[PDB]
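In: Experimental structure and its sequence below.
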Amino acid sequence: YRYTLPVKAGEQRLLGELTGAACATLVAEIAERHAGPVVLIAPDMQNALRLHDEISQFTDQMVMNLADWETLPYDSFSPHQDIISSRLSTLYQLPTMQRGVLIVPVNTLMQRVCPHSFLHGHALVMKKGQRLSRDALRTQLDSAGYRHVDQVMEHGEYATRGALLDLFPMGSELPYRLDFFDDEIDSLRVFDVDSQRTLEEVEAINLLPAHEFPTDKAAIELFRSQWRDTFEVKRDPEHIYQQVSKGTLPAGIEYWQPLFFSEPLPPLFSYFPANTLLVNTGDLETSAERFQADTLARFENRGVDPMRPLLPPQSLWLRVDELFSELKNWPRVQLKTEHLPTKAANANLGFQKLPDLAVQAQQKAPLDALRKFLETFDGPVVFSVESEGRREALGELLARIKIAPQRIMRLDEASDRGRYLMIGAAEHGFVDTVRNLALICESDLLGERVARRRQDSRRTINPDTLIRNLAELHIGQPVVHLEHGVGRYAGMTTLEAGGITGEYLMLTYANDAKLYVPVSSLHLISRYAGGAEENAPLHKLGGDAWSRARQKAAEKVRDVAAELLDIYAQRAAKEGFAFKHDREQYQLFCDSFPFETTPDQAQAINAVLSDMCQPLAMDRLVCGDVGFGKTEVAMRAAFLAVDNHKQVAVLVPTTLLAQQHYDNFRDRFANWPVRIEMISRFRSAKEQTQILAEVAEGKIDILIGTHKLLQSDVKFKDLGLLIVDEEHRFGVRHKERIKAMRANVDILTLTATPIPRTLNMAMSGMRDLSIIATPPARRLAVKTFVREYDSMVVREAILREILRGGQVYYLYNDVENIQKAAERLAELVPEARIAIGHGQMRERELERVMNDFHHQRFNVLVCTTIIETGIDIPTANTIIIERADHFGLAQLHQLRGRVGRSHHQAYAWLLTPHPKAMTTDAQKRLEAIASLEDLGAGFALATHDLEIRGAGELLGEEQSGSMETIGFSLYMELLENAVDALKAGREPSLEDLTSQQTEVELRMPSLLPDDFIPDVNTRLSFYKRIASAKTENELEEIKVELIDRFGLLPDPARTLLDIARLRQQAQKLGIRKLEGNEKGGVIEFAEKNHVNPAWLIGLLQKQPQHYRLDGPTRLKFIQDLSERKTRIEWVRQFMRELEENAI
Ligand SMILES: Nc1ncnc2c1ncn2[C@@H]1O[C@H](COP(=O)(O)OP(=O)(O)O)[C@@H](O)[C@H]1O
Ligand code: BEF
């Protein structure tokens, strides 16, 4: 083309006049036309990710990025070993590959690596036709460094179960099972982390060492030798020398890598193929050197703590001059967006930048510049769309500009006068003047719409995965056995206690008195919820305290049972309501919203709209973190409410945020004809009466106000929608007082963080719940600083935000000394313009200075906790508090996250009085809030607050209490028992808990042996599932799953399955208790059985000696069933024949 290609160690090519996103075009071109692999060096790893898209967007050659360590140099955490997988694979094949593009940032090119002899000297291949021992391969894996686990879920672990060994290779992404057979590899089956069954069988597998360093005995001794040669040992049970010598691995041990090879580690340059070409963008002569400075700076910063010392930086990272010399050994190309006219191997190819093409909604012709420029472009114009649906979203836009470009795949496909489009993540369009090509990106006109996972992958907390993290069976966590009391779970054990070895779950009580409970009676154990995992009560066994507490609870539930019998339903007398939504009308309202919702916001919208469309009323928690645009869900709910004209009301515990919602709703409905108004202290009673009259006649649909409505004064013609914000700070019977008016109203519970009782109820599932863990695009984190009382940090932070041009939120929490403090901090900060705010003011100047804050005429505001509700403006970007000894975690997090709603990094300066003046609980609160600082932190903080404040009375008042109440589920058990007492009118009795659906014990061992399943959690899960079976199809699929996950089925397993099947069939039949032994047994029916009495008596008289009706419902039979198989077959055929003549 316009230039040659550089192939020489010293050859350097330099290219200029290269606009943004044309670097990708040039890179793809040269890689496709370069006879050899391509390695690209990027200045910023994040930028490299961007490259990883656009390159793959424009070409089809395999493009990969060097997996890199996430942690900062000399950190105290592992590199998140999963990433290591993606690394090692690329390392293993790296020498042997001809075409392909590998992209690396300089910060990781700076890092030393393994010698690859260590790598491919340990690179095993397992093949079908191999007579290899299970144990030999086991020890082989152990030497390789794979970790022995029992429920493999991650990279680099292996588990065993009888003849079935399974593991996860470090190179591939899916684990594998083997199915050994006579020490022969019979199968090699891939299986998902959650299917635990075959997806397919592959002929052979290749596996790589577990880590980036050996871990055999030779490795340990070499490491110890190097250590004793270099550093100084400390005789200590956590000094990494002793910890390594023990056998384990320190968390950060990966940074002490050069102590494992007795060699200078390669600079990774040896791994380049014999014929490569370096291509470089930006510049390294600043990035690499600044990185070296940062590494040494952090090193010297942490040159303390003799336990866990640090290597010199030069031993692990390279030198800059050495890096330059090394790169001068390969041909290299450099790209920059400047003018280099001198002289050869240096060109300036026409890649003009995109002109100012954009769309303006206010203009009558948004695509004015677009249509002006399209017709002035003689060449083809090709658009790029980052997704699929958006393509149509822009095709309609092209219909507004009356053009239908054809979708192409490659840039060369463009004709002379051709308009086209393609799916790509390109950022900036441009004008390739070489052949007059116009490339257009979405941001060219749309602007900023970013949906990538900008946040760190590890920096995420899934709510459902947090519940599934564990809900049972932690070896120390407490549980409650309703018969006796509360203890700590300790595990499983098999016991021979009557000639049949049965499983038993063992609990421990006070004074170390153990209690084993049979596995079958599992439904008598509840997971503790009193929230005292470290200070919980420990009932001493055989005491009356638990019985007394249970009797008190029984009395309380009987009282509330009468109360519910007043309603004559289990909160079920309600029929609800159905809303009608017009999809086009709602879509029009979506159009009136000038934003794009996050995916979880869209999910919440779908859930709420569907639920209201259902003919039942809602009680739905939308508990997401602040700054997630929760209010817009309410806006759309109110729009659909006014579509039905259902007189929606809204509640908030303040006047500031009430006014905020008022103006927001006015903005949403300044185009839609509908009446929005407010009723609170600000309004005069003269107009409050008018508001009440208007809402009595129904001329008002949207009302915003505080507790004035729940004063038996407001009248609604048709109250159909009620909204509540910030459920916290609300006492009980507020919701009951607002519910009393109309039962079938849709309840929408908006909040930022639930109080412990509400959170526990959400966990119970009795109330609908929803979480939005998807922050807006530009909502970066909020910095937090827990500092002691310094008068200078506050002043300098105030000045830092003033020079930024923002507003400071000053918290002192006083209505007397706030006056003096305002002038005190004015003297401290003469540059500051301050207003005084407190809730004990006439509210006229309050709203006036709120308006002033909207205009930002004064910078820092002193206020009490009325600020907590929050009307945050994006201008405000910093909060300094004064009292940090008494504030709830919910308030702390809420005021932390209240700042932002903008692209600019906010701040949260936290001022504390003397540490010794702090009580223990204050220290715990402050250390907890400091420990967590990231997006999606409110929900996890609420989970932590659970077990701290403790869920309160699930029945009585005073929520969020840590009293000694019975757990959660037992309350529901007694409630349904009393509902039975009401429906059947039966007497209250503590016997329904002592339940018995069907007992089919026959003195025959039946259990899931631990050898057949290693762990206990899965064993108990299957125990519960089998106990709660409903049809023989369930049993069949369970048997299939057991076959998959654990191979063959032991005799006890088969017996358990068939006993469950027989219990199922007997429950279908109508018999309740079928018992027996070797010499015979008894059959006992129900009150209304379905066995034919005629033939029943016929059998009775046919063989009275072998059959005797001894009791109103008891049939005694004698049988010589010395074989378990004979016993089971006899009973099966007996019951089958009995039910054959079923009446
Ligand atoms: N997906 C989004 N992208 C950009 N900005 C958003 C998004 N969602 C919300 N916002 C902005 O952030 C602000 C959040 O205010 P609000 O609805 O009160 O959030 P929260 O109720 O969580 O405090 C809104 O005023 C809105 O303008
Ligand atoms: F209700 Be929010 F957090 F604005």
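Out: Looks like it came in fine. Numbers count the residues shown, from 1 in each chain. Ligands and ions are numbered 1, 2, ... in the order given.
In: Run through the residues that contact the residue nearest to residue 388 when sequence neighbours are not counted.
Out: Spatial nearest neighbour of residue 388, chain neighbours left out: residue 423 (6.8 Å); criterion: C-beta to C-beta, 6 or more residues apart in numbering. Using the backbone N, CA and C atoms, a C-beta is placed for each residue, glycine as well. By C-beta atoms under 8 Å, 6 or more residues apart in numbering, the contact list for residue 423 reads 57, 384, 385, 386, 387, 388, 391, 407.
In: most neighbours, which of those?
Out: Counting neighbours by other C-beta atoms under 10 Å, the top entry in the contacts of residue 423 is residue 384, with 24 neighbours.
In: wouldn't that residue be in contact with residue 427 here?
Out: No - Residue 384 sits out of contact with residue 427 when judged by C-beta atoms under 8 Å, with a separation of 9.1 Å.
In: Can you show me the strands along the stretch 51-200 of the chain?
Out: Secondary structure of the stretch 51-200 of the chain (DSSP state E, counting those that start in this stretch): strands at 63-65, 101-105, 124-127, 147-148, 157-161, 164-167, 176-177, 189-190, 200-201.
In: What residues does the stretch 701-850 of the chain have near ligand 2?
Out: Proximity of the stretch 701-850 of the chain to ligand 2 (C-beta under 6 Å from any ligand atom) is limited to residues 725, 752.
In: can you rerun that using 8 Å?
Out: 725, 726, 750, 751, 752 (C-beta under 8 Å from any ligand atom).
In: cool, and the chain?
Out: Counting by C-beta under 8 Å from any ligand atom, the chain comes close to ligand 2 at 626-627, 630-631, 657, 660, 725-726, 750-752, 869-870, 872, 894, 897-898.
In: Name only those of these that count as buried.
Out: Among the residues of the chain next to ligand 2, those classed as buried by 16 or more other C-beta atoms under 10 Å are 626-627, 630, 657, 660, 725-726, 750-752, 869-870, 872, 894, 897-898.
In: Go through the residues you listed and name the one nearest residue 173.
Out: Comparing those against residue 173 with C-beta to C-beta places residue 627 closest, at 34.8 Å.
In: Just the ones of the contacts of residue 423 in strands?
Out: Using DSSP state E, the members of the contacts of residue 423 that fall in strands are 384, 385, 407.
In: Between the residues you listed, which sits nearest ligand 2?
Out: Minimum separation from ligand 2 among these (C-beta to the nearest ligand atom) is found for residue 385, which lies at 33.3 Å.
In: Does the closest one touch residue 425 like I think?
Out: No - shown here, residue 385 and residue 425 do not form a contact pair, counting by C-beta under 8 Å, at 9.1 Å.
In: who touches the top helix by length along the chain?
Out: Longest helix in the chain, counting residues (DSSP state H): helix 545-567. Helix 545-567 has contacts (C-beta under 8 Å, 6+ apart) with 482, 484-485, 539, 570-571, 573, 955-956, 964-966, 970-971, 974-975, 977-979, 981-982, 988, 990.
In: Only the buried members of the residues you listed: can you turn that into a ChimeraX selection?
Out: Here is the ChimeraX command that picks out the buried ones among the contacts of helix 545-567, judged by 16+ other C-beta under 10 Å:
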select :482,484,485,539,965,966,970,971,974,975,977,978,979,981,982,988
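In: one step back: would JSON lines of the strands of the stretch 51-200 of the chain with mean neighbour count be doable?
Out: Output for the strands of the stretch 51-200 of the chain, formatted as JSON lines (neighbours: other C-beta atoms under 10 Å):
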{"stretch": "strand 63-65", "mean neighbour count": "20"}
{"stretch": "strand 101-105", "mean neighbour count": "22"}
{"stretch": "strand 124-127", "mean neighbour count": "13"}
{"stretch": "strand 147-148", "mean neighbour count": "16"}
{"stretch": "strand 157-161", "mean neighbour count": "20"}
{"stretch": "strand 164-167", "mean neighbour count": "20"}
{"stretch": "strand 176-177", "mean neighbour count": "22"}
{"stretch": "strand 189-190", "mean neighbour count": "18"}
{"stretch": "strand 200-201", "mean neighbour count": "12"}
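In: Turn these into a markdown table, including distance to residue 681.
Out: A markdown table is the format used below for the strands of the stretch 51-200 of the chain (distance: least, C-beta to C-beta, whole Å):
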| stretch | distance to residue 681 |
| --- | --- |
| strand 63-65 | 59 |
| strand 101-105 | 58 |
| strand 124-127 | 77 |
| strand 147-148 | 64 |
| strand 157-161 | 63 |
| strand 164-167 | 67 |
| strand 176-177 | 69 |
| strand 189-190 | 67 |
| strand 200-201 | 69 |
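In: could you pull out the helices for the stretch 551-700 of the chain?
Out: Taking DSSP state H, counting those that start in this stretch to define them, one finds helices in the stretch 551-700 of the chain at 583-592, 599-613, 630-644, 656-668, 685-697.
In: Quick one: residues contacting the closest residue to ligand 1 within the chain.
Out: For the chain and ligand 1, the shortest gap (C-beta to the nearest ligand atom) falls at residue 629, measuring 2.7 Å. The contact partners of residue 629, by C-beta under 8 Å, 6+ apart, come to 595, 597, 598, 601, 776.
In: now do residue 635
Out: Per C-beta under 8 Å, 6+ apart, neighbours of residue 635: 593, 664, 665, 668.
In: can you rerun that using 7 Å?
Out: Residues near residue 635 by C-beta atoms under 7 Å, 6 or more residues apart in numbering: 665, 668.
In: What residue in the stretch 901-1050 of the chain comes nearest to ligand 2?
Out: Ligand 2 sits closest to residue 901 of the stretch 901-1050 of the chain, with a gap of 9.1 Å, by C-beta to the nearest ligand atom.
In: Could you double-check that that residue lies in contact with residue 875?
Out: No - here residue 901 does not reach residue 875: they are 9.7 Å apart, not a contact under C-beta atoms under 7 Å.
In: Next, give phi and psi for residue 1118.
Out: Residue 1118 adopts backbone torsions of phi -120, psi 130, taken as degrees, to the nearest 10.
In: Compute the number of surrounding residues for it.
Out: Using other C-beta under 10 Å: residue 1118 sits among 13 other residues.
In: show me what contacts the nearest residue to it once chain neighbours are set aside?
Out: For residue 1118, ignoring the flanking residues on the chain, the nearest one in space by C-beta to C-beta, 6+ apart is residue 1080 at 4.0 Å. Residues near residue 1080 by C-beta under 7 Å, 6+ apart: 1116, 1117, 1118, 1119.
In: Give me the subset of the residues you listed lying in helices.
Out: Assigned to helices by DSSP H, none of the contacts of residue 1080 qualify.
In: Give me the buried subset of those.
Out: By 16+ other C-beta under 10 Å, the contacts of residue 1080 give 1117, 1119 as buried.
In: Can you add distance to residue 100 and give the contacts of residue 1080 back as a markdown table?
Out: Below are these laid out as a markdown table (distance: C-beta to C-beta, whole Å):
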| residue | distance to residue 100 |
| --- | --- |
| 1116 | 80 |
| 1117 | 76 |
| 1118 | 79 |
| 1119 | 74 |
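In: Serialize the contacts of residue 1080 to TSV and add fields for distance to ligand 1.
Out: Shown next, in TSV, are the contacts of residue 1080 (distance: C-beta to the nearest ligand atom, whole Å):
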residue	distance to ligand 1
1116	70
1117	69
1118	73
1119	70
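In: Considering the contacts of residue 1080, which is situated nearest to residue 53?
Out: Nearest to residue 53 among those is residue 1119, at 73.7 Å by C-beta to C-beta.
In: distance of the closest one from residue 1140?
Out: Here the criterion is C-beta to C-beta, to the nearest Å. By it, residue 1119 lies 20 Å from residue 1140.
In: Name the residues that touch stretch 676-688?
Out: Counting by C-beta under 7 Å, 6+ apart, 655, 658-659, 662, 665-666, 669, 691, 700, 702-706, 708, 843, 847 sit against stretch 676-688.
In: how about the helices in the stretch 51-200 of the chain?
Out: For the stretch 51-200 of the chain, applying DSSP H, counting those that start in this stretch gives helices covering 81-93, 106-109, 117-120, 134-144.
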